[PDB]
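The form deposited in one PDB entry is given below as one chain in structure tokens.
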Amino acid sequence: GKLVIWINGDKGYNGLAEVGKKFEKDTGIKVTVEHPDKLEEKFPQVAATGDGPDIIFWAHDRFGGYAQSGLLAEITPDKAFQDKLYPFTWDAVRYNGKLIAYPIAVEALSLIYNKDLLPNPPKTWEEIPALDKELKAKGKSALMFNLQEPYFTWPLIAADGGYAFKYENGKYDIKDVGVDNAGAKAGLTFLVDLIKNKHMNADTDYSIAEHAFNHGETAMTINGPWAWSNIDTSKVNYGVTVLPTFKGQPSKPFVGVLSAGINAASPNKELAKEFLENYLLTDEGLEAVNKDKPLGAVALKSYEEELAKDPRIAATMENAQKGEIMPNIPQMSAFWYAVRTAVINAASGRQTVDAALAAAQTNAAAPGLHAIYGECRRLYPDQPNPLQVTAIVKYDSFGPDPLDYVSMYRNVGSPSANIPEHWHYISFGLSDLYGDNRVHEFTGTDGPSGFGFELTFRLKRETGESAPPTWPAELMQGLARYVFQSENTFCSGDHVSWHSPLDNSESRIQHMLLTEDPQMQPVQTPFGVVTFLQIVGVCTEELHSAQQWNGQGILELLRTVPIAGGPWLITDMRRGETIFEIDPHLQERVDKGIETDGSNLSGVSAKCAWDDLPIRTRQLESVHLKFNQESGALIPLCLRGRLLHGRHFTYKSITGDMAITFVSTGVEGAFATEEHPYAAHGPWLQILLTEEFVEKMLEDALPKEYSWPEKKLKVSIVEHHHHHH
């Protein structure tokens, strides 16, 4: 068959390609080495569909995740082979008692310094600001390193007592995260202080720092072994040394073990095993890769002995020694995303240190949030850190806002599809983000996460708009408040009467329909499934049309009209006409729908009640029903629209636990007999009505009173539910 290998772009992929060529020479099987961007993200996406590589290279910390997802084949090396490598490297690639990857090399960050610009590098971080002054005097800077990846800033954060997950009982505690403790705040504050005092730039990334150092523009940098090759080429006289201490304590870099995993879906596990065990993991192969880009302290003893002499490796291992090996537990990716954002926002000043690290601390231990974010990353790779509306006080502590975050993305749309540019709002909170019963009942992997959905919204972008408006977030908060108060889940096709302009302007868009988000795909989390329901602004007439007929139809009609939505159903608040005013004929089709199929509405949430002329199962001779005007206007719909078709109709009260199910003859599951029309299991009431009684009823200013020998009906004009416990 074939061999496809994925390895990160900063690693020695050409040497590996040479090893693959030797494998091809000897075996005849071709080896394709690729280095796609963000491979650690793509692999778990693609591997499930079976279009992943045969081998995947990365630090061990990802592999436990993959392994948990069944994406990695168990490796089966004999003892003889295991003897060649260090036990701790094996430990690093061990997950739930199974080996999920082959260890290649030990990696740790070091202080790299220019000997000519700086013969005596600082032992402490506190020295650097002063040093930067001296260097700036002669047009140079002290320190530049990658600030876009938390990997590089972590050693400083970890120094005074920051940690990822607390290691306890031979295990990691997923509830005890150490990112918002004093040491972390101190370290990150110091970093931010370096930036504030203009000793570093917040936007500094890998290539910038590398350039700066290799061109002798900065005296120091922070990087791993792989970086040396380019420095060697730069002919800069450099030294690799121990990282600076902070508050008298050593920087504690996360030690990573470069490892090779085998795709669970690969049919060439044997080819892979052969290649990995008998070609790569040898002195000559590893030397070749190391020749290309230094691996650091390799896991292979025989080659380890040969390379340990190098003081660079010695330094790597000193720093490694002062640090801790990374956990490989599945939650690490959540940890890294969380800390990545905090460092970025803290450095950019978008957030304070405390706010950022509090947010990271909470978010790392939040799988549902992480899962939704994943889908968002897939949809918008270009916007890693979007602007977010965040509730100051979270709902679990009874802040007013049930949505913890609302993400706002810029969606460029498609000019060819004639779908205009717009803002994409995505809510976080209606689903189970945390799973610790702070807000939602924990239901497990099967069933809905929280209410089982999140809200989305697509708002027409103005050309003059630099940033997305925030009012749709409040709109969503309103919607969410309703959902939590009423316990009513939203589904695609439902309608929502708002009776107010959504942006509270003079807009005619006073109502909403709900549909499936056109891009956001449903997601599986350890706490359940999350679907994404998009909000679509509509006019009162269109709502009435959706009520009288069905949501889906009106939605499609709205799709066929670009200015009212188009295929992706974008909302335009400055829209002045209904679709019926824009295209008269369309009206004809609603009227076409109602006449042939009737109404789609299984039931509705409204102000209503029933009573006698609470607890227990009861049959009743007489009944007294109560409605508001709004729900009352649907009674004609309830009767003709559904009862005539052997269908049921249900009114639920939002205020109470009250419910009324209208039933016709010929329905199934009904306990209502023709002899005993009215019966209730409690607040839930069913009444069976005959078409006969239906027509007379249909034929027959508040209060407006309707009466019969068996029943009385009025139309007229206390309790609060909290959370999803």
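Throughout, rigid core stands for the largest set of C-alpha atoms superposing within 1.5 Å between the two forms. Start at 1 with the first residue shown and count on from there.
The protein also exists as the form deposited in another entry; that form is not presented, and the subsequent description refers to it.
K.L.:
Please look at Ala108, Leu191, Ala202, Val590 and say which one has a C-alpha shift reaching 2 Å or more between this form and the one not shown, core superposed.
P.N.:
Of all the options, the C-alpha that shifts by at least 2 Å belongs to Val590.
K.L.:
How about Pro677 - superposed on the rigid core, does its CA move between this form and the one not shown by 2 Å or more?
P.N.:
Where the cores coincide, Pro677 still shows a C-alpha shift between this form and the one not shown that is 2 Å or more.
K.L.:
Determine whether the C-alpha of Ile174 shifts by 2 Å or more between this form and the one not shown once the rigid core is superposed.
P.N.:
Result for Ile174: no, shift under 2 Å.
K.L.:
I want to check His499: does it shift between this form and the one not shown by 2 Å or more at the Cα, with the core superposed?
P.N.:
Yes, its C-alpha moves 2 Å or more.
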